[PDB]
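The following block contains the structure:
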């Protein structure tokens, strides 16, 4: 057997056993850590990341919390659903996971697009499902094609998403890794180059690149403008803001969101009447939970421990 | 006080008392009829219709069923949500209503767009929520801007939706009823002229015309192609097909869906592995549950009684 | 030197010498045949076809006409212009070619998309530039994403355009010919399979597949609805209608346009006040000028000879 | 007779007589000033402006130049063309006007969208038609829905265009001036409030508000990205940059383009190899040719005199 991303037979073992749940349209794959009597935490990966993006952080959080880490649809061992990728479908999948698996109020932490989905749940979950959310370096506004504030996706991560769409393809239908690496290495985007490797990185083998299409094309959030979601949050919010800057050659955003976009997000969430904490860590990498797990967990724990 | 659709102070009493539930993002208004110990039924109105579209049919269905009739978001007394109107948000609202209010498996019946939503639930609800669905004159394919089969919305109901968008406006921000009636009276679409009246009909006063925009502009179902939904239904389906035809002047569809679209929908649901029933009533009006309630209830009851 | 479509060094000699003209934004490549004192004819190829699609027909037409055959932008040796492909840019290129090279009124004949452009010139050229147009098997309506009448591109040639977009790519940026042939051979579209070959056909090597993208995505004609263009033609029109049918498995259109779309196009052009000739040749292939050159030239000549 | 913008019977006399030319698809209305033997100048108004936007500046320019001022399609007495409004159609109209009416090389000056069109001609006219262009406060990038650099239209003039689309409507099909003024008066955009008046201003009565739609919806320039146009200019360019700033409440752009967008435009034109002049007049109103005609003409003349 020659395995392939398109055939979805690429998965490998990890430090925690995996479980699956039927949510109706999809099956969600996930893993669990910690004492089930301790407060529940739901971890949402960044785009291209599976649940095991949190593997090291899970071991540290297990000191105090009952942790669930999930594969979103289009990722990992969860269902791939051509033509169905939207913030509302990702979000409602997570509402169902809470109702069907967790069965208790949760603290949610999500990285990047996962942090956009953490804010989505704060605003749009079923009543009483959430105690608070941590949005770890989220591209508020900057992941939209037509944002209310600041740089668009085409002026931020879009160059990478375009390469994923063109060289990898929906459901890995093209799979031209050599052409991806050629184009990426010649790109003006540093982030594009960070995926260049001899072989396809494991997390990307598990990723449905239709995700990149719906971000690039502005369809993933067409029915979910960020200004309305942010102004309707209903729980405490912790917003962590990592490296960010401007590329001189193009004017494009480096990092997840600009200082302007973070300010506007903070004002909107304040107007919603919730408690907002903002932690600027301008020296931290995008996936702090992976590059500096102890630092991430200390931030999360100090904040979560004071919730309820 | 001069009431106005834009101010949402236009509602009037009906034959059943009204109840409200917080679903999280929205509050949903609904009414209930019948003995709660009898099998549960959920009624979904047509576009521009409130729960009381079913008032007469509810009284007859109360003989054998426990009936819930709902206002969708953007209609009636349920929340209006600018920029959030999509099949997935309407559908997940209904999933939450079943989980939080009904708390038992349901038979779903929906008219027109409501029948599109009934099929949505058959495919995409949470597991075990549904016993079967009735799709009463549903615009499968014909309500999509880019359908896989047959006439597009622009070749069907689009002329009416365009007039709602232009003369009534999102959240009734324009409210030019006189201009609507002038334009509708000169239209080639009989359906358009069917809304012309001296005053605004009560049901339309309760309707958020952003609904019409998202149908006309192809955004309401952008992340929910009908061919994928219909191929993923998981319950028995009854499809009723009322008046339909072709306007010789324009070639446009008259009615909810063509024979070709009904055939393609039936084949897709058959390939999903469910029991499909098809009842053609070519002399029936679009809202049979309103114009011929006894006939509608006989069809529904005969089919529902044979379910489980 | 290893030549490549993306490097645009693939061209070969043909039976006529080639010439180039600066039209401003682009350089147009073309070839000329016949006695320059005889009536001028401009030949527009089908999509993926270069000027030499007409090579055999040119020799026959030279008996009576002064023939120019052109490469459109994105084709052949004419400029490739990323992000600029639209009916209005193709059309205005041709207006400039007439004004700068031909310098006399012309009879225009175009195949498929070239026939759409022949109708465009009939409606939208500069005054007095045209004596008449032949639209050879044109996808009126059927090449639009949202047509006023009949099947959309997604229900016609779209499956082929999708494969060109995904496996060949804008400006041949992907160039996965093996993957194209694999996907095409498994396609339900007979036309997709007609491009399958051991090596890339010469005409396709010269083609910028961004053309297929703008057709598939509905941008090429977004500012040029066919119902308005057809109702504004200003010259005699000959419309030839070749093989057409319906695929039983999918309901999709086979051929360039349906009988319904041809009828509606004929009515619109009649309403414009012009002379319309309609030649149904239901046994002819799509590129009659190439598969049956003598038959094509006899049709063109009988009609052109009676113009002016 | 009760005149109405929708009926296009609202025009009035001006200080110069008006002339019309058939350009093919459209008829273009224009006025002429000065000695025909002097160097030719073509004046392009701002959006919502007719040729007589330049009436005072024409009288001063007549001292040294032969001046043509035009109504674009969708404005003034030139044809209204539903569904056809795009930069490429406006631009090719102007190419035809130069070829059919002026018949000599021209210096072009255009305000706002007209300055976008002046750059369009510099890049895309027929060869030899232009000696140079002046772009008077042009919304480079800022009038695009998805620009390569800086604020989008939704973050700039979009609020005004949205009000034109909703309360005036395509071809003045809604015509709700009272509702426009109510909405415009409550808007955050000063530019919106600048159109509020007891009666409809004369220039707006001549304007087809479908213009506003195609700017707001991102279709007018979909096939004409500004970064490609600006990188392909072929004549000297003068860019005047008037009042601009940031609204602290919203973050939105005030004025035609930001400093960042002006810089990126200058660099692109420099890379095209032309002479670029940039005149910042940060105290000037948007239509300097109207509010300070003598200053506008001094800038234009000083620069034009140094051309050829």
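Chains as they are written, first to last, in the entry's author numbering: chain A, 1 to 308; chain B, 1 to 308; chain A', 1 to 308; chain B', 1 to 308. A prime marks a further copy of an entry chain.
Just so you know, even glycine gets a beta-carbon here, dropped at the ideal spot from N, CA and C.
8 Å Cβ cutoff, residue i in contact with chain D
{"i": "residue 176 of chain B'", "result": "This model lacks chain D altogether; the protein chains it does include are A, B, A' and B'."}
Straight-line Cα distance separating residue j from residue i
{"i": "residue 17 of chain A'", "j": "residue 269 of chain B", "result": "59 Å"}
{"i": "residue 92 of chain A", "j": "residue 77 of chain B", "result": "23 Å"}
{"i": "residue 146 of chain A", "j": "residue 220 of chain A", "result": "12 Å"}
{"i": "residue 275 of chain A'", "j": "residue 109 of chain A'", "result": "16 Å"}
{"i": "residue 332 of chain A'", "j": "residue 170 of chain A'", "result": "No statement about residue 332 of chain A' is possible, as the shown extent of chain A' runs from 1 to 308 and does not include it."}
{"i": "residue 241 of chain A", "j": "residue 85 of chain A", "result": "26 Å"}
{"i": "residue 63 of chain B'", "j": "residue 252 of chain B'", "result": "41 Å"}
{"i": "residue 56 of chain B'", "j": "residue 179 of chain B", "result": "39 Å"}
{"i": "residue 212 of chain B", "j": "residue 224 of chain A", "result": "18 Å"}
{"i": "residue 229 of chain A", "j": "residue 175 of chain B", "result": "27 Å"}
{"i": "residue 95 of chain A", "j": "residue 23 of chain A", "result": "10 Å"}
{"i": "residue 232 of chain B'", "j": "residue 4 of chain A'", "result": "26 Å"}
{"i": "residue 1 of chain B'", "j": "residue 13 of chain B'", "result": "18 Å"}
{"i": "residue 235 of chain B'", "j": "residue 272 of chain B'", "result": "9 Å"}
Own chain, CB closer than 7 Å to residue i, minus 5 neighbours either side, in chain order
{"i": "residue 158 of chain A'", "result": "216"}
{"i": "residue 227 of chain B'", "result": "148, 268"}
{"i": "residue 69 of chain B'", "result": "30, 31, 43, 51, 54, 58"}
{"i": "residue 199 of chain A", "result": "none"}
{"i": "residue 160 of chain B", "result": "189, 191, 192"}
Listed by chain order, chain A' residues near residue i by CB distance under 7 Å
{"i": "residue 4 of chain A", "result": "Per Cβ cutoff of 7 Å: no residues; residue 4 of chain A is ~13 Å from chain A' at best."}
Cutoff 8 Å: residue i Cβ touching any chain A' Cβ
{"i": "residue 187 of chain A", "result": "no"}
{"i": "residue 160 of chain B", "result": "no"}
{"i": "residue 226 of chain B", "result": "no"}
{"i": "residue 296 of chain A", "result": "no"}
{"i": "residue 10 of chain B", "result": "no"}
Beta carbon proximity, residue i to chain B', threshold 8 Å
{"i": "residue 143 of chain B", "result": "no"}
{"i": "residue 60 of chain A'", "result": "no"}
{"i": "residue 124 of chain A'", "result": "yes"}
{"i": "residue 131 of chain A", "result": "no"}
{"i": "residue 333 of chain A'", "result": "Lying before the first or after the last residue shown, residue 333 of chain A' is absent from chain A', which here runs from 1 to 308."}
Proximity test, Cβ basis, 8 Å: residue i and chain B
{"i": "residue 251 of chain A'", "result": "yes"}
{"i": "residue 258 of chain A'", "result": "no"}
{"i": "residue 152 of chain B'", "result": "no"}
Residue-chain proximity (residue i, chain A), Cβ-Cβ < 8 Å
{"i": "residue 149 of chain B'", "result": "yes"}
{"i": "residue 29 of chain B", "result": "no"}
{"i": "residue 219 of chain A'", "result": "no"}
{"i": "residue 91 of chain A'", "result": "no"}
{"i": "residue 264 of chain B'", "result": "yes"}
{"i": "residue 74 of chain A'", "result": "no"}
{"i": "residue 146 of chain B'", "result": "yes"}
Other residues of its chain near residue i: CB distance less than 6 Å, five sequence neighbours each side excluded
{"i": "residue 79 of chain B", "result": "26, 27, 73"}
{"i": "residue 307 of chain B'", "result": "131, 132"}
{"i": "residue 41 of chain A'", "result": "65, 67, 107"}
Interface partners of residue i on chain A, CB under 7 Å
{"i": "residue 86 of chain B", "result": "88, 223"}
Chain-ordered chain B contacts of residue i [CB-CB under 7 Å]
{"i": "residue 173 of chain B'", "result": "166"}
- How about the segment 45-54 of chain A' and the segment 195-207 of chain A': do they share at least three Cβ pairs that are nearer than 8 Å? yes
- Message: Any contact between the segment 102-115 of chain A and the segment 26-35 of chain A? By contact I mean 3 or more CB pairs, one from each, below 8 Å.
- Response: no
- Counting pairs of Cβ atoms below 8 Å between the segment 153-171 of chain B' and the segment 134-145 of chain B', do you hit three or more? yes
- Message: Contact between the segment 183-198 of chain A and the segment 242-260 of chain A is defined here as three or more beta-carbon pairs at a separation below 8 Å; is this criterion met?
- Response: yes
- Message: Whether or not the segment 285-295 of chain A' and the segment 283-295 of chain B are in contact is what I'm after, with contact meaning three or more pairs of Cβ atoms, one per stretch, closer than 8 Å; do they touch?
- Response: no
- With a cut-off of 8 Å, do at least 3 Cβ pairs link the segment 112-119 of chain B' to the segment 3-11 of chain A'? no
- Query: Are there three or more Cβ pairs, one per stretch, closer than 8 Å when the segment 259-266 of chain A is compared with the segment 164-182 of chain A?
  - Reply: no
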